[PDB]
Amino acid sequence: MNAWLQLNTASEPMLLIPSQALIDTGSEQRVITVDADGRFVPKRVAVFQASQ
Amino acid sequence: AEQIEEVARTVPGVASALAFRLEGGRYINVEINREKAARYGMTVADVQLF
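The rules we used
Residues numbered from 1 in each chain as written, not as in the entry; some residues may be left out. Chains lettered and ligands numbered in written order. Part of a larger assembly, values for the part shown. Heavy atoms only, no water. Pairing = 2+ DSSP bridges. Helix = DSSP H or I, 4+ residues; strand = E, 2+ residues; numbered from the N terminus. Patch = residues over 30% accessible without salt bridge, like charges linked within 9 Å, V, L, I, M, F, W, Y side chains within 5 Å. Areas by Shrake-Rupley, 256 points an atom, 1.4 Å probe, with all protein chains shown as cover. Salt bridge = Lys/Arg side-chain N within 4 Å of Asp/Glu carboxyl O. Buried < 20%, exposed > 50% of the residue type's maximum accessible area, 1.4 Å probe, protein only.

Asker: Tell me about the sheet that holds strand β3 (residues 40–44) of chain A, and name the residues and values.
Answerer: Through backbone hydrogen bonds, the strands of a sheet pair up, either in parallel or in antiparallel fashion. All names here are of chain A. With antiparallel pairing, the three strands of this open sheet are ordered in space as β1-β2-β3. Each edge of the open sheet carries a strand with a single partner, namely β1 (23–24) and β3. Relative to β3, strand β2 (residues 29–34) runs antiparallel, the two being bridged by five bridges. Bridging across to β3, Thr33 finds its partner in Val41.

Asker: Lay out a nonpolar patch on the surface with the relevant residues and their values.
Answerer: Residue and element names in this part refer to chain A. On the surface, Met14, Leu16 and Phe48 cluster together into a nonpolar patch covering about 380 Å² of accessible area. Inspection of the secondary structure puts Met14 in the segment before β1. Judged by relative accessible area, which is 46%, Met14 ranks as partly exposed.

Asker: Give a detailed account of the environment of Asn33 of chain B, specifying residues and quantitative values.
Answerer: Summarising the element assignment, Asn33 of chain B is placed in the loop between α1 (2–6) and α2 (34–40). Sequence separation between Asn33 of chain B and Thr43 of chain B is ten residues; the distance between their C-alpha atoms is 9.6 Å.

Asker: Can you explain the environment of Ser19 of chain A? Please cite residues and give values.
Answerer: Residues and elements named next belong to chain A. Mapping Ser19 onto the fold places it in the segment before β1. Judged by relative accessible area, which is 52%, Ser19 ranks as exposed. On a C-alpha basis, the gap between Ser19 and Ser51 in space is 8.4 Å, while along the polypeptide they are 32 residues apart.

Okay, structure coming up:
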């Protein structure tokens, strides 16, 4: 009979943000930051991997 | 157009390009490797079905 095996694996410690947060244009990786005062300031990041 | 806009704002009258109005579409490209697919016996079309 069939059996489904779900796997969970720990990765390297990294900066973690939600996927809805990452804007990907295939040349630049940015996220809109909410500065102290409330000033929306975009910032470039470097993606590693993603899941879940 | 880009290079025409350059010679556009150098003659009596205001100007603006267009090459920028016509951008902003986001894509995820599945670029099939014929050699890779061939290995598993699949043809370009076969991979495309998925």
